[PDB]
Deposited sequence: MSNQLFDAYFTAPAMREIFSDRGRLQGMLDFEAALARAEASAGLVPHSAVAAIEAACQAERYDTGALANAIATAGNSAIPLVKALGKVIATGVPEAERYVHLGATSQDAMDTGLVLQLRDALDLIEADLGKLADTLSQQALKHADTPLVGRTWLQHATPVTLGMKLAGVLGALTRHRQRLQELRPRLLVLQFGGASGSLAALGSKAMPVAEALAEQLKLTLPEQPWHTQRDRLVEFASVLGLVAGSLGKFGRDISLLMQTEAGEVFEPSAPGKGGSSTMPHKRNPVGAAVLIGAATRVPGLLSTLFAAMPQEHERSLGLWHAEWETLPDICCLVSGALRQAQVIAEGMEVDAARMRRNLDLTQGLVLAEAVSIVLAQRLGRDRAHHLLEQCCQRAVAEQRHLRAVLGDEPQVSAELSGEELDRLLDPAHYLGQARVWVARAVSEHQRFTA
């Protein structure tokens, strides 16, 4: 099943979450294990070299391992056995030192953490890259006006940059979150059969620290075979990412509507938003995958069956799904086409009624807040009845045209003059984005 894979997953991410990557992660653990126990005096340095030479994914047969797993219950034991048979060919007496003192889940979880680290690194890169380009766009259109849409109904003006800044804001907060969880997530899983590490006796802590250092991972306060919050948390932040990008994709698709035509996805490297589809798809698929991870948390005792198995393919799907949305969001963010003219046109589709408020405040002071209220509802009721722009109806209004010149009315009914804090929001958002950098 790879037909839709190019469209839904980012190639680099798929490489990490492939059989090769999964296998390599565990093998990395095994080699690192031998290395760490050797420096503790548990394994002959001659064996360390033998093991490392066999810890290359390429040397194993996935098809064969797959059938064995179906009988083993996990991936570690069939791999360790296959690793042993490879080390036997060359240094037969080294075979007895592989996977010493460790349990299957140690290899599996640590291997996974290694893959998660490479994954984290990609996601942070793409995020920063996307935030940068989004930052520029926000500034570029910090003041090009478009109508505000509330419950899909026209509302007071807004700016395109204001909208893009909101997405920027969320992305910054996610980079922040990924940064805070990093020291929590990147930990070693080394507990042995029941997490007591008893098999290593007094060389337990020494081997553990050596092992963590070897893999450049932190040593946790204790093993976590059945405490899975670290993994679920990571998945949850990726969930937040899919959701925000989902909002972005929705907004694009609505802006690309025939009856709106204000913003468009870049033209193929009827104009269908094939990129937005990916973003919306991810924001629709991920919640379910995420609840699965939450659902599997109440893992029994020292190792749970079934609940633990449910994590295996779920976490990787989430990472892939999100990698694909980030990739697609980058494409549209750096190349979307804007039609400011059309934005202007759509703005007085309600014929200035959306700007009634801007006029109400001015005539509030020019005359009585009490009198202006009446006089304004009257002009709107008319601009609708005899259907014609509010600018005109107001020009033919004695009290109004007697208090406001033709030049004043032209300004009041100009959306570019009712942008509120639009530019400020973009400023603060872009500001914070640059602050984070450091």
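Discussion item. Please report every deposited-sequence interval that has no C-alpha in the structure, sorted by position.
Written reply: Those parts of the chain that were deposited but carry no coordinates are 1-2, 272-281.
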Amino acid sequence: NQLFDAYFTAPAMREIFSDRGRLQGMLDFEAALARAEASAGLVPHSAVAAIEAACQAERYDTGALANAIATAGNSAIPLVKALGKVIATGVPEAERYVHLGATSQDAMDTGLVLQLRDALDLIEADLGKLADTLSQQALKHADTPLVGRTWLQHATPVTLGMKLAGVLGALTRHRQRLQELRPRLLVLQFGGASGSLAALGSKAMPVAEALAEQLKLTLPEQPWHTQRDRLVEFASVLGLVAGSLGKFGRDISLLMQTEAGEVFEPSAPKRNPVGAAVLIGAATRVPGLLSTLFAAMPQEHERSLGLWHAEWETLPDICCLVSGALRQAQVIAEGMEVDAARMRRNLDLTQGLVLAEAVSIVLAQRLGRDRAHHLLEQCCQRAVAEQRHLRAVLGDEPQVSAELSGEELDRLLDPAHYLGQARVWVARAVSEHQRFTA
From here on, numbers count along this sequence of modelled residues.
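Worksheet item: Should the higher mean CA B-factor in the entry be assigned to 272-280 or to 362-370?
Response: It is 362-370 that shows the higher mean C-alpha B-factor.
Worksheet item: Do the CA atoms of 246-254 or those of 353-361 have the higher mean B-factor in the entry?
Response: Mean B over CA atoms: larger for 353-361.
Practice prompt. Tell me which of 27, 33, 402, 70 tops the list for C-alpha B factor in the record.
Written response: By C-alpha B-factor in the record, 402 ranks first.
Worksheet item: Among 221, 233, 259, 95, which residue carries the highest C-alpha B-factor recorded in the PDB entry?
Response: In this record, 95 carries the highest C-alpha B-factor of the candidates.
Worksheet item: How does residue 8 rank on Cα B-factor within its chain, lowest, middle or highest third?
Response: Lowest third, going by the recorded CA B-factors of the chain.
Worksheet entry | Chain thirds of CA B-factor: placement of residue 306 | Lowest third of the chain for residue 306's C-alpha B-factor.
Practice prompt. Report the third (lowest, middle or highest) to which the CA temperature factor of residue 425 belongs, ranking only the modelled residues of the same chain.
Written response: As the PDB entry reports it, the C-alpha B-factor of residue 425 lands in the middle third of its chain.
Worksheet item: C-alpha B factor of residue 137, ranked within the chain: lowest, middle or highest third?
Response: Residue 137: CA B-factor falls in the middle third of its chain.
Discussion item. Considering every modelled residue of the chain and its Cα B-factor in the PDB entry, is residue 110 in the lowest, middle or highest third?
Written reply: It falls in the bottom third of the chain.
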